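One structure is given below, encoded as structure tokens.
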Amino acid sequence: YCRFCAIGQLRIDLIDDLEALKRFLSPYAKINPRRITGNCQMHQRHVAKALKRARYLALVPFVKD
Amino acid sequence: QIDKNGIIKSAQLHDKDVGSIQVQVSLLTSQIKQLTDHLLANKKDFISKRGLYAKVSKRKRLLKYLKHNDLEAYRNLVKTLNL
Amino acid sequence: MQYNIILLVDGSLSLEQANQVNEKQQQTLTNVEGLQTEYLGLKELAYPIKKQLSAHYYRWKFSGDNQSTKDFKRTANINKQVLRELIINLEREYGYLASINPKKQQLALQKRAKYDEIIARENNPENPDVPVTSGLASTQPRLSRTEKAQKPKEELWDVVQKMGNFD
Amino acid sequence: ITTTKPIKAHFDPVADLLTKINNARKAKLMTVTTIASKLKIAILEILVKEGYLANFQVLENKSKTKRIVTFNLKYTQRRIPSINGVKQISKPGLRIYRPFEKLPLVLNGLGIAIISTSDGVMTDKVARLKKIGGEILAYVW
RNA sequence: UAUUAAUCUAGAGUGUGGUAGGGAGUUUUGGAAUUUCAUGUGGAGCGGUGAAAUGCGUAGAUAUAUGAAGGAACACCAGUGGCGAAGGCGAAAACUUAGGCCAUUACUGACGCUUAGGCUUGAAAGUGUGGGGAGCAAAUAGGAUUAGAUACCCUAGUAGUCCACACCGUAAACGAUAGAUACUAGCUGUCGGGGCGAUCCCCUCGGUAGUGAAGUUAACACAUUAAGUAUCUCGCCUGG
RNA sequence: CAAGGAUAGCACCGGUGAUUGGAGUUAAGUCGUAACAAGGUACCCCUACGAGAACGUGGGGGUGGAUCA
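Residue numbers (the deposited numbering), protein chains in the order written: chain Q, 40 to 104; chain N, 2 to 84; chain E, 1 to 167; chain G, 2 to 142.
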């Protein structure tokens, strides 16, 4: 699960945290639900919005490779 | 958060106020003007409309109760400024 | 207000010219300035857009009029020198605090214990610790107390007792 | 001695007291607290003198200007409540007024009635002795 | 009980700090889809239900790849989750705005309930206007079982659709449950904060599914996430 | 100034009809059994289009539904 919940910051943003993203993201470029990611609920929405931005940012593909 | 510290600290009805009738209604009308400008800029915002009606009617009943409650503690903001 | 911007430059190109054109794009901000000259180096796009197999990553952190970043979102995204203009502010789900910083001892502790790297300790990364003391610092308490004690009569042994000696 | 979540200003003290008493009878509660009310003090005192009520104490917080009042709904040590039921005759929306000529017994005369007549609260039975009527607030037994 | 001067602040919020959320009006791009058009290929088929046919293809269809493009909306992100006036809220980003939640030993001095009247929005279908129509699509045209297949099956296919103005006003709009006040066992957990505390376990308050005793009930069953108990008002039903 | 009174556009109430729609009312007439089976189509509400109709049908909403942990 995320280091952010283990340190305390109550938010995350795309500072190229791709490493931990690869733990939350399957190699299929699809966002696993809250169960796999391990966030509580708040860092869950934070990583959700970050992954969606990365989709928009082209950091992560939607499905196209 | 348009105004939170301006009118409730620069205006003291009694010896000291952190929340009262007239400071609340003055801040309420400031936010009323802000929200009316916002909805004139963006006409399809109805949550603001309902909030404004609630705010103005709560102010009206505030003044109504303060009529009898205190001799005269309301003659600073009983009007409206939207024309 | 506070504004961190993640930049996606168009396709594969030189680092310095892209930095200069990104500075020119930051100039589209009327007064959102005070940038710190830095970048994220080279990072390629994981997927081809339609011919763009790679790009370059730049970060711009500064502050200014919040209304005047929408025009940047227009110009950067339209002009063929930035593809994505990622903005950071409070409207995006926020949690930041300038006084929650004294929690990075937990950061060091979790970096140590995100995975136990010693053969002796191989505990799961999701197991309790329990030095527990249970701090609250938030109760909404009221100190109610008795000053007049009349009618001395109390109810403490309210559990039933019945059915004496039976033959 | 408040139970939890100190009671705010209800629409009327008697209704909040009735809720507290019914909840005490239902969910195995013994001591209940209510907002400060002089009529509450009077009715608690007269119920104590009637024998159906246990200790009652006025309560103050860090300050003395605000007040509340707690009382043990009289329970014997075998889990039985002294008060078995209540009814209000006068209501906030309809304060029914019954003069001295309008004071009958309580459902056989076994129960106790209370009237807010001139000053404080008087039982309808003793109010009939002083040829006193008034607005009857509650029937209890 | 309406109350006077003062009032008491325990509420309404509000001074303040922390504060989470798909809340929302507003404005931006990105992913690609889709089918085409310039491009060439290539040999022989496509359509489909229970089976086929209607319906398409050598004058090059399938399929093809990049270039370019129209409308159009954003796989996942989606939870003992949260935010929600209802209707709802998720490719993102931000302007703005709203609602909070936790705590403030605090203030006007309780300054608030329902709602005649007035105000507001209102899923969605559809409508005149101007434009667009990518895509499917009723009605159905044709065809398959059929005693009938009109409903259910397949293709061709337009109204419709779609963008905005104006009109939409209803839904099984529900929580089959209008609210507001005050109060009432718990528990597995979990969520937002105050958090001591790698995260934790552990709680404080509000929330989120269930739970079962009182209580409730025609029974369903609800039960401190009442169909529990009392206070105030608007809507309704008196057998079909 | 009076009871009573007319010329020309209106105004109020009562009744009525060529014909026509719906409601109740015929053991038994007549299209299929749409729906009750998940009535074979899970169903229903709003709304839109048509078949002689059940009804479907386009979109949205809902559980008052099934194997089932």
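Each residue gets a CB set at the ideal place from its N, CA and C atoms; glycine is no exception.
| Query | Result |
| --- | --- |
| Check whether the Cβ atoms of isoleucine 3 of chain N and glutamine 32 of chain N sit closer than 7 angstroms, and answer yes or no. | yes |
| May I ask which residues mark the beginning and end of the alpha helix (DSSP H) holding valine 102 of chain Q? | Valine 102 of chain Q -> no alpha helix (DSSP H), and no H or E assigned at all. |
| Taking only three categories from DSSP, how would you classify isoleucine 113 of chain G? | strand |
| Apart from the five residues just before and just after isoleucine 133 of chain G, which ones in its own chain have a Cβ nearer than 8 angstroms to its Cβ? | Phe101, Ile116, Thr118, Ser119 and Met123 |
| Just curious, the beta strand (DSSP E) that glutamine 89 of chain G is in, first and last residue? | 87-89 |
| Do the region 57-76 of chain G and the region 16-36 of chain G meet, that is, are 3 or more Cβ pairs less than 8 angstroms apart? | yes |
| Hey, is the region 60-67 of chain E in contact with the region 98-117 of chain E, meaning 3+ C-beta pairs nearer than 8 angstroms? | no |
| Using the three-state DSSP reduction, which class does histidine 69 of chain N fall into: helix, strand or coil? | helix |
| The beta strand (DSSP E) spanning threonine 34 of chain G covers which residue range? | 32-36 |
| Locate the alpha helix (DSSP H) running through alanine 25 of chain G, then write down its first and last residues. | 14-27 |
| For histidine 82 of chain Q, which three-state DSSP category applies? | helix |
| Check each residue of the region 86-105 of chain E: if its Cβ is closer than 8 angstroms to any Cβ of chain Q, include it; give the result in chain order. | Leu86, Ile88, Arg92, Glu93, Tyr94, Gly95, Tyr96, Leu97, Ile100, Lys103 and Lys104 |
| Does the count of Cβ pairs from the region 88-103 of chain G and the region 53-66 of chain G closer than 8 angstroms reach three? | no |
| Just curious, the alpha helix (DSSP H) that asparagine 83 of chain N is in, first and last residue? | Careful: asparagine 83 of chain N lies outside any alpha helix (DSSP H) and carries neither H nor E. |
| For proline 100 of chain Q, collect the residues of the same chain with a Cβ closer than 7 angstroms to its Cβ; drop the 5 residues on either side in sequence, then sort them by chain order. | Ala68 |
| What residues are listed by DSSP as bridge partners for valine 59 of chain G? | G:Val70 |
| Which residues, in chain order, does the region 144-157 of chain E contribute to contact with chain G at a C-beta distance below 7 angstroms? | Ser144, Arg145, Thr146, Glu147, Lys148, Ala149, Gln150, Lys151, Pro152, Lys153, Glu154, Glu155 and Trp157 |
| What does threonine 3 of chain G reach in chain E if we use C-beta pairs closer than 7 angstroms? | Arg142 and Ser144 |
| Compile a chain-ordered list of the residues in the region 71-87 of chain E whose CB is closer than 9 angstroms to at least one CB of chain Q. | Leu83, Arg84 and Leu86 |
| Assign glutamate 58 of chain Q to one of three DSSP states: helix, strand, or coil. | helix |
| Step through the CB atoms of chain G and report whether any lies within less than 7 angstroms of the CB of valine 160 of chain E. | yes |
| Which residue wins for smallest C-alpha separation from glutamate 44 of chain E, given the options E:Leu7, E:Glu93 and E:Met1? | E:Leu7 |
| Would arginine 62 of chain Q pass as an interface residue toward chain E - the criterion being a Cβ-Cβ separation below 7 angstroms? | no |
| Spell out whether any CB of chain E is found under 7 angstroms from the CB atom of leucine 90 of chain Q. | no |
| In chain E, which residues lie with their C-beta within 9 angstroms of the C-beta of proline 100 of chain Q? | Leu45, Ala46 and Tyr47 |
| Below 8 angstroms, how does it come out for the region 82-98 of chain Q and the region 2-21 of chain N: are there three or more Cβ pairs, yes or no? | no |
| Less than 7 angstroms between CB atoms is the rule here; does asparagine 109 of chain G satisfy it with respect to chain E? | no |
| Relative to the C-alpha of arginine 60 of chain N, which residue among N:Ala74, N:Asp71, N:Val79 and N:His69 is closest? | N:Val79 |
| Name the chain E residues whose beta carbon is nearer than 7 angstroms to that of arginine 50 of chain Q? | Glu93, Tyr94, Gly95 and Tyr96 |
| Since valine 15 of chain G and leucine 104 of chain G are thought to touch, with beta carbons under 8 angstroms apart, how far apart are those beta carbons, to the nearest angstrom? | Their Cβ separation, rounded to whole angstroms, is 20 angstroms, which puts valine 15 of chain G and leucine 104 of chain G out of contact at 8 angstroms. |
| For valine 19 of chain N, which three-state DSSP category applies? | coil |
| Anything in the region 8-41 of chain G with a Cβ closer than 7 angstroms to a Cβ of chain E? List those residues in chain order, please. | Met31 |
| Does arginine 80 of chain G have its Cβ less than 7 angstroms from a Cβ in chain E? | yes |
| Please list the partners that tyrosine 95 of chain Q has in chain E, where partner means a Cβ-to-Cβ separation under 7 angstroms. | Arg84 |
| Between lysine 67 of chain G and the rest of its own chain, which residues show a CB-CB distance below 8 angstroms, the 5 nearest in sequence each way excluded? | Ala37 and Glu61 |
| With C-beta atoms as the reference, is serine 21 of chain N less than 7 angstroms away from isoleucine 8 of chain N? | no |
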